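Before any questions on how it binds or moves, here is one chain, the form solved without nicotinamide-adenine-dinucleotide (NAD), in structure tokens.
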């Protein structure tokens, strides 16, 4: 079969690190396994334009493998042209870039899978890191050192402990719950969550979480808010100026979910005004972030309160190993005709939800 694998070019960086599997140079570590199994692997980063390498191969591709860190858009037109397509895989977690609705509507027997669970610890760690970095005012502290300065009062005046803070998550799924688990031994005043379903009772008790039934009530009492919810009609543009006005004054906000859950200029205004003390996370809208994106240069009144990174939390080297292995497992379930997929990995099974 023909497998088209779309990843970013890591350039020099691929040679620096063999465990950087998720790039065109290193091919998820599955290049030899695929050839041994008697298949043809096309690997490319060239995914935009009617003459892109991706589109050259779409018409007789049996399998397309994608990643949210360099996403091949599996569009209506591409689905039309992909005459042999049987399987789309996300080597990672996130299918925003795939027109699942259309695949389903067509009636074609196309399965779509992702490596569920492979991102979750990595993102949850990124949230804990970002909370600590914002709350303890690390960024301006490290900046002093490398700028050959030393003025402890300039840092201490906006540095706190996470202990004794009220921490709320919007969404308590796989990532949000693991964020709560990691917060327990930091002795927060309380952990709170808002979600469309309850945590099972024993899960709730394990982290001492209290469910709050609406979002305004949730954010109004929270020192720290973290977003761990899917992007849909209920969350798109959820963090806007109106809702930000109901946050505790001087709150810290972390978003590793999706950029579009926030209105970008409204978050920036809230940080500059002092409504927020800090904002951070690794997700942006649009993404990759343009140079002029307001979250790059936004700061609080002290010139800090920014802990933004590019979108990379889910592409640590440990996550990438899980993606590579999980991709191999999915491909094996497919090639053997067993279709013994992990149920949690399935997005569509031969076109069906």
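Residue numbers count along the first chain shown, from 1. Note that the rigid core is defined as the largest set of C-alphas that superpose within 1.5 Å between two forms.
FYI, the form deposited with nicotinamide-adenine-dinucleotide (NAD) bound isn't displayed, but the following is about it.
Proximity of residue 57 to nicotinamide-adenine-dinucleotide (NAD) in the bound PDB entry: non-hydrogen atoms within 4.5 Å are absent; the residue sits far from the partner.
Among heavy atoms of residue 71, none comes within 4.5 Å of nicotinamide-adenine-dinucleotide (NAD) in the bound PDB entry. Among heavy atoms of residue 96, some come within 4.5 Å of nicotinamide-adenine-dinucleotide (NAD) in the bound PDB entry. Although the partner is absent here, residue 313 lies within 4.5 Å of nicotinamide-adenine-dinucleotide (NAD) in the bound PDB entry, judged by heavy atoms. Heavy atoms within 4.5 Å of nicotinamide-adenine-dinucleotide (NAD) in the bound PDB entry map, among the stretches 266 to 274, 147 to 155, 223 to 231, 98 to 106, onto 223 to 231 alone. Annotation: in the bound PDB entry, residues 194, 257 and 283 each come within 4.5 Å of nicotinamide-adenine-dinucleotide (NAD) through at least one heavy atom. For the options 88, 172, 131, 262, the one in contact with nicotinamide-adenine-dinucleotide (NAD) in the bound PDB entry, meaning a heavy atom within 4.5 Å, is 172.
Among 162, 123, 244, 139, the residue placing a heavy atom within 4.5 Å of nicotinamide-adenine-dinucleotide (NAD) in the bound PDB entry is 123. After superposition on the rigid core, the single residue among 248, 182, 174, 108 whose C-alpha moves by 2 Å or more between this form and the one not shown is 108.
In the core-superposed comparison between this form and the one not shown, residue 97 has its Cα shifted by at least 2 Å.
Superposition of the core reveals a Cα shift of 2 Å or more for residue 69 between this form and the one not shown.
The two forms, fitted on the rigid core, differ between this form and the one not shown by less than 2 Å at the CA of residue 263.
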